[PDB]
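Structure first, then comments.
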Amino acid sequence: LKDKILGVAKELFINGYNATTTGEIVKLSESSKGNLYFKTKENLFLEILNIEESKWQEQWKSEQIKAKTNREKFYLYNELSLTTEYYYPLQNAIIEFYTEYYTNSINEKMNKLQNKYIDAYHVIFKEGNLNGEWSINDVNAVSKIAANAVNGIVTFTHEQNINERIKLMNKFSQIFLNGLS
Amino acid sequence: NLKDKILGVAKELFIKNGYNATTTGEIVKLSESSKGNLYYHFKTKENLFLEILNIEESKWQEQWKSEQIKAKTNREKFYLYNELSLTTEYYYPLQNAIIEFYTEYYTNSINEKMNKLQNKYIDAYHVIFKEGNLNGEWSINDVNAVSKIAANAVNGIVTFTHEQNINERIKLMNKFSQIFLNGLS
Ligand SMILES: CCNc1cc2oc3c/c(=[NH+]/CC)c(C)cc-3c(-c3ccccc3C(=O)OCC)c2cc1C
């Protein structure tokens, strides 16, 4: 029954973490105070990141076959990253959470959510070493970089023409990938 | 000095209490000023904050100009700048008040000046890349884009890697600086 609440949450969060609150989440939704018990707010929010992280991650599975090689897949995952409505449009809300509501158990809990977000790149780079497109020496490192680099392009340019955004991402994808060969 | 005092008191107020918490009345009283003189200079708390952010911006470029003497070549400069940016986040106090503000207003009016404010930060790369071209450290026939990219690539690495110990994160950032810079030839 209580799956309805998440829609108002995902919606509201993408106003921010601070601005949205347990009151708004219930009253603007119609559900008892107790019924919402994921116990804490940071347990609710952290749950939403997974449903959106998964949604994106299965959209990428459904769209990546168009990329024939791994080199194309890298370009594409980064392009698609800009256009998706999953995960990446919450990233602002995380930055607040990252640097405010962080209990020590929450840190370790959502580190698994981090490792999920790199595995897109981990698979790609490993497969490149396999399919013979390049030779990475420390992949899990190079993935952490490519990912966070990319997240940077996506998040910190949410205020200009979308055709341009894609061009800058493409250029990055090209530079980065070339730095490995 | 009543303008500068307000900015100065506002800053330390924001640092201690955060954007949303700090009130105009507090700023007014503690700087021994008046709501009028505040409205005259700044109009809104929204704007006052931007002026602080611009003062700090200039302190940064001032700081950089001094620190970059340490790095001889433009290759070295690029490495060092990206490091400095990474180390910063750990102890910059306005950090938290900036995240509040940034998310509370990104209004096409307020967002206008926030963009103009990042262009000064991008101009740092723009120089490094430009000057590297002239000494022949690389060939970039498109210095403005690659500047935009580098800026946001670094900022992404700084901001979205708040789990590891500082040793590891400097190791990553330099590995990025290595890969990126390498793939320009
Ligand atoms: C020892 C002095 N250390 C400094 C450290 C700083 O760290 C910053 C970290 C950040 N971390 C991510 C949230 C963001 C956004 C801005 C920062 C600024 C900053 C603030 C206002 C305007 C521009 C900048 C800025 O960095 O750009 C200047 C060109 C900043 C400024 C100074 C002086």
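The way I read the labels, and the way they are meant: chains A, B, ... in the order of the structure tokens, residue 1 as the first residue of every chain, and ligand 1 as the first ligand shown, with later ones counted on from there.
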Exercise. Tell me, which residues of region 80-176 of chain B carry DSSP helix (DSSP H, G or I), written as a PyMOL selection string?
Worked result: chain B and resi 80-89+94-105+108-135+143-159+166-176
List the neighbours of residue 174 (chain B) out to 8 Å using only C-alpha atoms; skip same-chain residues closer than 6 positions along the sequence, and give me the result as a CSV table (one decimal) with N, CA and C atoms, in the first residue's frame.
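So the final result, stored in out_37.csv, reads:
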chain,number,residue,atom,x,y,z
B,79,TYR,N,48.3,20.4,-13.1
B,79,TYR,CA,48.3,19.4,-12.0
B,79,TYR,C,48.0,20.0,-10.6
B,82,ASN,N,44.3,21.6,-10.0
B,82,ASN,CA,43.4,20.6,-9.7
B,82,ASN,C,43.6,20.0,-8.3
B,83,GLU,N,44.8,19.9,-7.8
B,83,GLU,CA,45.1,19.5,-6.4
B,83,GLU,C,44.6,20.5,-5.4
Problem set entry | Atom-to-atom span, CA of residue 69 (chain A) and CA of residue 143 (chain A), Å | 17.5 Å
Problem set entry | Within 9 Å of ligand 1 (only C-alpha atoms and all ligand atoms), residues as number ranges by chain | A: 95; B: 50, 52-64, 84-96, 98-99, 114, 117-124, 155-156, 158-159
So that I have them on file, write out the residues from the current selection with C-alpha atoms, as a compact mmCIF listing (two decimals), in the first residue's frame.
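Result file again_5.txt:
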# COMPACT_ATOMS: atom_id res chain seq x y z
CA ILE A 95 25.29 16.83 -2.35
CA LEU B 50 26.56 36.84 -4.14
CA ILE B 52 30.55 37.72 -0.63
CA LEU B 53 30.93 34.91 -3.17
CA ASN B 54 32.52 37.44 -5.55
CA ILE B 55 34.89 38.80 -2.88
CA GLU B 56 36.02 35.22 -2.18
CA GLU B 57 36.43 34.53 -5.88
CA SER B 58 38.94 37.36 -6.11
CA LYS B 59 40.76 36.17 -2.99
CA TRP B 60 41.09 32.82 -4.78
CA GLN B 61 42.59 34.23 -7.96
CA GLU B 62 44.87 36.29 -5.72
CA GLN B 63 45.85 33.09 -3.87
CA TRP B 64 46.37 31.17 -7.09
CA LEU B 84 44.47 22.87 -4.76
CA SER B 85 40.81 22.62 -5.66
CA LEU B 86 40.64 19.16 -4.10
CA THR B 87 42.38 20.18 -0.84
CA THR B 88 40.20 23.28 -0.45
CA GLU B 89 36.88 21.42 -0.07
CA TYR B 90 38.06 19.88 3.21
CA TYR B 91 38.38 23.21 5.06
CA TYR B 92 36.51 25.91 3.15
CA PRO B 93 33.85 27.03 5.63
CA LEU B 94 31.44 28.83 3.26
CA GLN B 95 31.29 25.47 1.47
CA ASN B 96 28.12 24.45 3.33
CA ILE B 98 27.07 27.75 -0.72
CA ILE B 99 25.30 24.40 -1.19
CA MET B 114 25.98 32.44 -10.45
CA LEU B 117 30.79 33.75 -11.18
CA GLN B 118 31.97 30.34 -12.39
CA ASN B 119 33.35 31.89 -15.58
CA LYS B 120 36.05 33.54 -13.48
CA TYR B 121 36.94 30.06 -12.15
CA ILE B 122 37.02 28.66 -15.67
CA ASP B 123 39.25 31.55 -16.83
CA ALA B 124 42.02 29.97 -14.74
CA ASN B 155 34.69 19.88 -9.70
CA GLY B 156 32.92 16.55 -10.17
CA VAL B 158 36.20 16.96 -5.85
CA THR B 159 32.48 16.96 -5.03
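Distance check against residue 97 (chain A) using only C-alpha atoms: of A:63, A:79, A:42, A:52, the minimum falls on A:42.
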For this session: Determine the nearest neighbour of chain B from the options A:123, A:130, A:166, A:141, counting only C-alpha atoms.
Result: A:141
Give me, as CSV, each residue of chain A that comes within 6 Å of chain B, together with its shortest interatomic pair and the distance in Å at one decimal, counting only C-alpha atoms, with rows ordered by chain and rising residue number.
residue,atom,partner,partner_atom,distance
A:148,CA,B:157,CA,5.0
A:149,CA,B:153,CA,4.2
A:151,CA,B:156,CA,5.9
A:152,CA,B:156,CA,3.7
A:153,CA,B:152,CA,5.3
A:175,CA,B:183,CA,5.1
A:176,CA,B:180,CA,5.3
A:178,CA,B:183,CA,4.9
A:179,CA,B:183,CA,3.8
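Between CA of residue 83 (chain A) and CA of residue 160 (chain A) the interatomic distance comes to 13.5 Å.
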For this session: Identify, on the basis of only C-alpha atoms, every residue whose closest approach to residue 135 (chain B) does not exceed 12 Å; exclude the query and any residue fewer than 6 positions from it along the same chain; express the result as a PyMOL selection string.
Result: chain B and resi 72-75+128-129
Would you put the residues from that selection into a file with C-alpha atoms, as a PDB file, in the first residue's frame?
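Saved to part-v4.pdb:
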ATOM      1  CA  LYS B  72      57.109  26.132 -13.750  1.00  0.00           C
ATOM      2  CA  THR B  73      55.429  24.608 -16.808  1.00  0.00           C
ATOM      3  CA  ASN B  74      51.753  24.845 -17.764  1.00  0.00           C
ATOM      4  CA  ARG B  75      51.603  21.042 -17.417  1.00  0.00           C
ATOM      5  CA  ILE B 128      46.835  27.507 -18.520  1.00  0.00           C
ATOM      6  CA  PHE B 129      45.684  25.907 -21.774  1.00  0.00           C
TER       7      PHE B 129
END
